[PDB]
Amino acid sequence: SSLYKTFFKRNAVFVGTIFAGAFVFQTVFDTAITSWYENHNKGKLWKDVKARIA
Amino acid sequence: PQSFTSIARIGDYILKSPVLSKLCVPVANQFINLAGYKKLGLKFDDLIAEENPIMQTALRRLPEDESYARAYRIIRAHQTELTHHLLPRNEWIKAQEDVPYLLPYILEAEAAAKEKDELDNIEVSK
Amino acid sequence: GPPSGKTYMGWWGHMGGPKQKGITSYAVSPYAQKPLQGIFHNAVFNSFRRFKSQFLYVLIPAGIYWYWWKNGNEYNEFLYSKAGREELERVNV
Amino acid sequence: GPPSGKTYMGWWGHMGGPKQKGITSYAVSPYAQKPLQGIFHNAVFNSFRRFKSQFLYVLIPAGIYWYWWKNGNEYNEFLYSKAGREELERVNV
Amino acid sequence: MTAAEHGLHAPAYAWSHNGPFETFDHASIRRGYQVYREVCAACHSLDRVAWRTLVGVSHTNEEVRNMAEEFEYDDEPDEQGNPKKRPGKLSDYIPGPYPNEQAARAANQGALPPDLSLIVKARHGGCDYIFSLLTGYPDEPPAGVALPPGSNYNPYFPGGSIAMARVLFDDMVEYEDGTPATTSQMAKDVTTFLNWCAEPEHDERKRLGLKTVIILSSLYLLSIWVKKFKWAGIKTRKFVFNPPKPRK
Amino acid sequence: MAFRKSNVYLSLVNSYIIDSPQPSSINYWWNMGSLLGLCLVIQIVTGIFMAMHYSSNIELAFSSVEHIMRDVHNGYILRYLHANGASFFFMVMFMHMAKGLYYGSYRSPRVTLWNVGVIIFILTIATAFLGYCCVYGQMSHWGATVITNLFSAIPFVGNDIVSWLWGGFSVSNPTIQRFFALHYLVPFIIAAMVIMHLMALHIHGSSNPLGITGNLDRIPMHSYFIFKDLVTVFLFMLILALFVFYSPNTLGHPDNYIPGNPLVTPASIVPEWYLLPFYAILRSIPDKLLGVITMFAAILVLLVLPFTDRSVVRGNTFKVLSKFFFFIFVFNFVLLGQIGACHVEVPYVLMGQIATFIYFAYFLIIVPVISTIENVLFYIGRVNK
Amino acid sequence: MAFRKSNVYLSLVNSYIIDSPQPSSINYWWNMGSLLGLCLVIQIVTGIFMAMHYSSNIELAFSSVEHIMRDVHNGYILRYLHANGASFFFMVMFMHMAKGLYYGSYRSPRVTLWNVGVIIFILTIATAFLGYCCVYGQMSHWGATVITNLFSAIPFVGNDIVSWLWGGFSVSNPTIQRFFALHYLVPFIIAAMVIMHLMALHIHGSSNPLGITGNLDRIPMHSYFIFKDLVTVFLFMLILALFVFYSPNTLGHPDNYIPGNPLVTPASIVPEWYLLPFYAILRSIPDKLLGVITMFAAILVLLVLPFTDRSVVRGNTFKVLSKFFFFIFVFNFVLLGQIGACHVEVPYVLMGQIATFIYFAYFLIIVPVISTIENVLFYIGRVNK
Ligand SMILES: CCCCCCCCCCC(=O)OC[C@H](COP(=O)(O)OC[C@H](O)COP(=O)(O)OC[C@@H](COC(=O)CC)OC(=O)CCC)OC(=O)CCCCCCCC
Ligand SMILES: CCCCCCCCCCCCCCCCCC(=O)OC[C@H](COP(=O)(O)OCCN)OC(=O)CCCCCCCCCCCCC
Ligand code: HEM
Ligand code: HEM
Ligand code: HEM
Ligand code: HEM
Ligand code: HEM
Ligand SMILES: COc1c(O)c(C)c(C/C=C(\C)CC/C=C(\C)CC/C=C(/C)CC/C=C(\C)CC/C=C(\C)CCC=C(C)C)c(O)c1OC
Ligand SMILES: COc1c(O)c(C)c(C/C=C(\C)CC/C=C(\C)CC/C=C(\C)CC/C=C(\C)CC/C=C(/C)CCC=C(C)C)c(O)c1OC
Ligand SMILES: CCCCCCCCCCCCCCC(=O)O[C@H](COC(=O)CCCCCCCCCCCC)COP(=O)(O)O
Ligand SMILES: CCCCCCCCCCCCCCCCCC(=O)O[C@H](COC(=O)CCCCCC)COP(=O)(O)OCCN
Ligand SMILES: CCCCCCCCCCCCCCCCCC(=O)O[C@H](COC(=O)CCCCCC)COP(=O)(O)OCCN
Ligand SMILES: CCCCCCCCCCCCCC(=O)O[C@H](COC(=O)CCCCCCCCCCC)COP(=O)(O)O
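Protein chains in written order, with UniProt numbering: chain X, 4 to 57; chain C, 2 to 127; chain U, 2 to 94; chain A, 2 to 94; chain V, 62 to 309; chain G, 1 to 385; chain H, 1 to 385.
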């Protein structure tokens, strides 16, 4: 569409979208893979074992 | 590094013998279609390695009309191999077009450099 | 600079192949054709064709050597048993 | 190999100087002449002519700075004496 | 080698930290330090494990500052150069029970008991062997085997004759959280704990791998596409050859 | 002209990685050259960042490796990238010298490329052995003993080279301290022998899997083989990232986590896997002098290969008999790795002697006879008379 | 053709050391490039044979330099050839950066050659500093403390860079142990930037002490400047051997034989004698942030020299004023190597502030002004109007 003119035409704004798209991919994909890895291992982590010490 | 004068000496002894020509010529053409260079569209003398001066010589003495076909069956084989396909069955080199077209130009440019080394090394008697 | 010897590769323009003539090559831009148009019918039908040709050279040199290994690794565990100690004392001696 | 840029030096044969014509260059073999033929009268008379030219370009840059370093190193040693503590109290503060 | 001189093959148990997405059982390490202290702290050093690594993994911050203040380490000497001792802190290592190697050999009939910091990575089998060693002691060895005086039998040790006697007996410890302390329950808990001591990164090595295999296999499917994109002008080239006029 | 050809430094980048005319029909086996260039940088960048924490004394060798893996931030990443990225050095390199044997890339005019190949292969066996000896485990101490005791079989100069290598009377603190400062060095000899290896390649160009000339259909390197080499970079970084994060101690030996103790021999005293087929050759000769020579002639028999290949076509691609006997050799190099990791027992002492003969009759009997029967069968199959 | 031209390796030897046409009028100042190539091999070979005995912990650093000087056969030779030879590196190089500053070798078309000079000069300052802090003497602990605390002046990123650089909270065991694996490395980066320095020279060739074109009379390198370099090789070996056997600790500081103690500061911390001019530029600015810049600007002000020289004649050979003011610059550079050794006392602060103004007004004010006056005087002396 007109997606090409705003984003992919100037290389100064193409690669400025790669870095602003990697700044969101760092924060989100790390939190999305941490919150899955602990949820798959619910009951084995120290944050759960510290709750059994009541 | 085998020097075609040598294999034409062992070859023409096999062809002339009636026992060995019955025996190992049916193994020979079975080795050819199992090798599968016809299926890329190549005659055998396209395959001979062309980086020695006894064979780089025999690629200049080749006529112009055959050195344009030979420059096509090589690019047709570089193109067919990088698509990882084979040529269709109506483009394979048949058993009769597979002729030794570069054998007489090699054998006359190989026996004319054997003669040059039998002339830098003559011990003439007195 | 200084010269160098003869090679079998030049550069763009004087590459040193034979003179070619009457061979014309057409190609379409990759922005105008679909890439990966034939991933199917090549991963299934062409990859079997490549496997039909070059598997009998990678199965018999691995069928000779793996039958040889399994017939010795099974022989090693015979003579180091309770049943084959009388065959062990004549092979090492 | 690829063709490179335009440089101001070539090689033996096409060095890239101006075209020269009518310059004859006689020279004798070193096996037929004596080396060290003039090591004396050059170590005395020639090496004085070289020294006579380039020594007011070395001495005056070393007669400005060595006088400058020595006239500070003997003012530094006046301030740090018993006789120059009433001057050090007014220049250090 | 004979099968006796090779050791029996330690089988494949279903550990809770096998698999690629699973981590350690941090209630089985906290119950696995208690079996280390009450049973094998008598004759096994743990000389590579600092006290600070137990904080947050299986004990809190106050439970380690009251476990390191039971032992005593060498302080820097006083203002007269006499040596002196101090209670331990969080930056010290777990002290072994023997002062030197010859004291260790003298107490166990010549046999130096190995340090258990890396004992699961340094044995063929990993934790499947360290578990099955401790529960592999028969009541009486098989017939014909002549044991030397002072060597115990179990088949999982390479050679048959081991110097450690059968040590895990039922209900010899009392767990804090009310767990039935059997021989197999205790031997599972140290073998998890000794697995932690040799691999303290095992929780985070397996979740950095989840970041990397997801990126570096979606960077490989993408780079297949950009190869097939840029090579589309070469893989669909077409050559036609009509031979030229032979009069030249 | 363009600035990429006019600059003094960029003209070397242009003529090597940007405008270098590669043949169009080269398959994915030609990507092993770029993988080894990547896998050399991983063994250097994760070597400098790991030698800032490594103390080289014999009392602090093994205790500082555990200091890396427990105390340094991402030390478990740095060491496991170095121990498994060195096993992946010798697996790409073993698939780079097998592409060379198969596709005939040793023949003329590329003999001066094969010879610098065998020199780089020697300096990498040497580096992976010195670096294994810097960890000072029970397989790393006792591996240095059995290897460097082999030089005490050189006649009349035997014991004075061994006692010069050791710096004493056994593998001690003078040895591990010099096996680190030597092991730091040699990857800056390999990285200057690879530049002597791309120079011998660039004068004649790469070969191609048909064995015919590639001067007709050339395509540049940039934007064609950059992005073809980027497929196997991201595949090599994927099979590495399973052997670093998910199963890191699979290729190593368990005994190497026992600290180096010179008073107890381990049960099976065996170097790391890639040096195994050069260990079943050494151990198969029932003599000490010939066992050193036969092990050293197992690398230097790679030099007689340009002069024993009698085939007049280049490469095994269009040959039947010399394609079968290649894979007989390749699954003989694997068996020879397994005999090197088994004990010296019957029948492995006879298997290792037949499978050493097949390693030394491929290069000297099987190749110059099969590649002569094939030259006659190509001739008499077409030339009717 | 000849085999020295027909080979792929030997033609690099041929085009650089055998057949390279040098101008036939170059005096003995053109040997300092060949000495720096020899003096680099001296440091590298007496670094490998010395680092086989060196342990890099903070407890065993100074105790294992003395183990070299007492227990190793010819160990006093290696430690003294290499601690003094490093101080002969910077004296040949200071005469190599002053030949090229005098004879106009910085001008076009050799600006690429000059910029790789300043890059080699920065890595050589950084190499000789990082090995000085490996002896862990008293001047080397307090040298590394004073130098790496200058990076605590960068705003808001100061303390995080220094604490990353120390690897701790002060100059401790990780700093010395990483100042060795770095200092092992950077010579191999200098040994690659030298190859990137001969390539920038080989395209236009050497200059000649007149400053005119040397394309007319060219003689080869072999048997003419090979044997003109062997004079100054055997002389540099002679003056090194006096400073190694007869007076070895003359150049170094005596305080570097005290084992490094962080609790007691020495009397006056100075660097080794060659960093002493830049230490006097650093100390001249009464500010901490500007001092780090100006001490780094004093190496980077050599880069504005091709653009500030406004002369149509190459070099100072036939110039009266620009030969006088050059030797004021050299004897100002010696004076800055003297104010760097004196304490911060009256009047060595008014001197070190004035004699650092003359270091910077040479490139920025003196050379553009006196070379414009040296072009009108060349003109109106001949043209009659
Ligand atoms: C363990 C340590 C390893 C560390 C090194 C990591 C890299 C290993 C690389 C091994 C290798 O290079 O083998 C290449 C082999 C021969 O290549 P060829 O040119 O003859 O085939 C043309 C292909 O259709 C191009 O097809 P195309 O280029 O259009 O697609 C890209 C292709 C990339 O695949 C690969 O890179 C190899 C896995 O995408 C895929 O199809 C993958 C789909 C999941 O590729 C093949 O296609 C397999 C054929 C049989 C070879 C068996 C290999 C066993 C060792
Ligand atoms: C010191 C000396 C070192 C010597 C190295 C020793 C061997 C190291 C092992 C490396 C394995 C490399 C295998 C050989 C790879 C190069 C050969 C090759 O590329 O295979 C291509 C071959 C047929 O391909 P074509 O080129 O002929 O296609 C044209 C069709 N017209 O395709 C095929 O026929 C199938 C290829 C299948 C490869 C099988 C690899 C086996 C790996 C060993 C497995 C070990 C565990 C069992
Ligand atoms: C939970 C309890 C224990 C565990 C997990 C444990 C662990 C181990 C392990 C893994 C080994 C190595 C076996 C091998 O090398 O194959 C070993 C050996 C040994 N253990 Fe135990 N141990 C425990 C209790 C004890 C106790 C209480 C003693 C007290 C004397 C002891 C004495 C020894 C000795 C002497 C050896 C060396 C045996 C040999 O080298 O032959 N162990 N132990
Ligand atoms: C081609 C290059 C290299 C190869 C094949 C290689 C291989 C190896 C191997 C196999 C080990 C043993 C790892 C283990 O089993 O624990 C090792 C260790 C080591 N290497 Fe390398 N190495 C290379 C280059 C380097 C370089 C350039 C350095 C630079 C300092 C380095 C530093 C080390 C260190 C410090 C160790 C010991 C610590 C450890 O084992 O993790 N290596 N190397
Ligand atoms: C650090 C190790 C190595 C590096 C970086 C390296 C680098 C390269 C590169 C980049 C290529 C071009 C890509 C290709 O043709 O596949 C190449 C080709 C080649 N290499 Fe290696 N190589 C290494 C080791 C070896 C070894 C050990 C050998 C043989 C014993 C060898 C023999 C060859 C041959 C024969 C070729 C030419 C193949 C052809 O063009 O047909 N290389 N090398
Ligand atoms: C451009 C090259 C080099 C320069 C300018 C240089 C300079 C220095 C200097 C100034 C010192 C301190 C000497 C002292 O105060 O005693 C030193 C020490 C040292 N350097 Fe180098 N070095 C160079 C190359 C190397 C290399 C390549 C290595 C190692 C392979 C090396 C290893 C050492 C070692 C081990 C010390 C030990 C401390 C001592 O005994 O002096 N150096 N170097
Ligand atoms: C390890 C240090 C160095 C080495 C091995 C080296 C090497 C060389 C060599 C061999 C030459 C040719 C011989 C000559 O012209 O004198 C040369 C020329 C030159 N070097 Fe270096 N150099 C080094 C450092 C430097 C530095 C630090 C600078 C300047 C900041 C520099 C600037 C130059 C210049 C300007 C020339 C050309 C002079 C001319 O021929 O007119 N070099 N270099
Ligand atoms: C322009 O014309 C030129 C010119 O072309 C050249 C080249 C030079 C000369 C300049 C140089 C040669 C500088 C280049 C210097 C290097 C490339 C440095 C490389 C030096 C090294 C020593 C490489 C490192 C290699 C080693 C240390 C290997 C030694 C092995 C050791 C120490 C281990 C020993 C162990 C055992 C078991 C023996 C000129 O002077 C010159 O002007 C006349
Ligand atoms: C024929 O066409 C080619 C081709 O021309 C090339 C070049 C390659 C690629 C091959 C290579 C690149 C192999 C060459 C490898 C090297 C030259 C190795 C170079 C690596 C080094 C010299 C080591 C790297 C060292 C550094 C980057 C120094 C910096 C490192 C550290 C740790 C500094 C840390 C300090 C601080 C303060 C952070 C091909 O694959 C190829 O076929 C397509
Ligand atoms: C590598 C780092 C730079 C080092 C700078 C050294 C530059 C000078 C190298 C001198 C080599 C001399 C060989 C010339 C030659 O062979 O000419 C040979 C014969 O010359 C000789 O016989 C000279 C006698 C041997 C001299 C020994 C010098 C060794 C000292 C080494 C010191 C430097 C390491 C050919 O000379 P011709 O062509 O005139 O006949
Ligand atoms: C491992 C190295 C072994 C030897 C192999 C050499 C391969 C080197 C490849 C390096 C690639 C990157 C180099 C890019 C530099 C291009 C810029 C350039 O050349 O411009 C140069 C100036 O270069 C510099 O100032 C600094 C160069 C330092 C490079 C340090 C890495 C000027 O270019 P120009 O030719 O137009 O000169 C006009 C003269 N007035
Ligand atoms: C960063 C680059 C570092 C510097 C690299 C370039 C400078 C290196 C200088 C090397 C000079 C010494 C090399 C002399 C060897 C020449 C012999 C030769 O080229 O013969 C080669 C064969 O070379 C080899 O087999 C091994 C060479 C390995 C070299 C290892 C040092 C055959 O040469 P050619 O193909 O011209 O044969 C004509 C037939 N009559
Ligand atoms: C410089 C040599 C390094 C080569 C590494 C190749 C080996 C592959 C395994 C790498 C794992 C180490 C990284 C990691 O743990 O990150 C993990 C994430 O995984 C990745 O991102 C891998 C992506 C690799 C991209 C390759 C591009 C290389 C560009 C180099 C430019 C200097 C952990 O990340 P995190 O600490 O959570 O931010």
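By construction, the Cβ of each residue, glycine as well, lies at the ideal position given by its N, Cα and C atoms.
Listed by chain order, chain C residues near residue i by CB distance under 7 Å
i: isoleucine 191 (chain V); result: Per Cβ cutoff of 7 Å: no residues; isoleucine 191 (chain V) is ~51 Å from chain C at best.
Neighbour-count burial assignment, residue i, 16 or more Cβ in a 10 Å radius
i: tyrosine 66 (chain A); result: buried
i: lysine 39 (chain C); result: buried
i: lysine 12 (chain X); result: exposed
Cross-chain neighbours of residue i in chain G, by beta carbon under 8 Å
i: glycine 12 (chain C); result: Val376, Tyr379, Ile380, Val383
Closer than 7 Å at the beta carbon, the chain G residues around residue i
i: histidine 185 (chain V); result: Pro254
Proximal chain A residues relative to residue i, where beta-carbon distance stays under 9 Å
i: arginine 283 (chain H); result: By Cβ distance, chain A contributes nothing, its closest Cβ being about 16 Å from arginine 283 (chain H), past 9 Å.
N-terminal and C-terminal residue of the alpha helix (DSSP H) that residue i is part of
i: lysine 99 (chain H); result: 99-102
i: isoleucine 42 (chain G); result: 32-48
i: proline 271 (chain H); result: Unbroken run through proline 271 (chain H): none, as it is neither H nor E.
i: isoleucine 293 (chain G); result: 289-296
i: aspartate 250 (chain V); result: 244-259
i: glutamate 130 (chain V); result: Unbroken run through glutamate 130 (chain V): none, as it is neither H nor E.
i: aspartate 189 (chain V); result: 188-195
Beta-carbon separation (whole angstroms), residue i vs residue j, contact threshold 8 Å
i: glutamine 22 (chain G); j: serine 311 (chain G); result: Between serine 311 (chain G) and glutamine 22 (chain G) the Cβ distance is about 24 Å, and since that is not below 8 Å, they are no contact.
i: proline 81 (chain V); j: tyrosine 257 (chain G); result: Actually they are not in contact, since the Cβ atoms of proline 81 (chain V) and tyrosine 257 (chain G) sit about 22 Å apart, beyond 8 Å.
i: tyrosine 281 (chain V); j: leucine 238 (chain G); result: 6 Å
Interface partners of residue i on chain V, CB under 8 Å
i: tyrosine 81 (chain U); result: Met62, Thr63, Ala64
Under 7 Å by beta carbon: chain V residues contacting residue i
i: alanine 267 (chain G); result: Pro219
| task | Residues of the segment 11-45 of chain U with a CB closer than 8 Å to any CB of chain V: list them in chain order, please. | result | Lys22, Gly23, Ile24, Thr25, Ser26, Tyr27, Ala28, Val29, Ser30, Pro31, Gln34, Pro36, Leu37
| field | Residues in the segment 57-77 of chain A having any Cβ partner in chain U nearer than 9 Å | value | none
| Can you list, in chain order, the residues of the segment 342-369 of chain H whose Cβ is nearer than 8 Å to any Cβ on chain A? | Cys342, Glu345, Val346, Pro347, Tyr348, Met351
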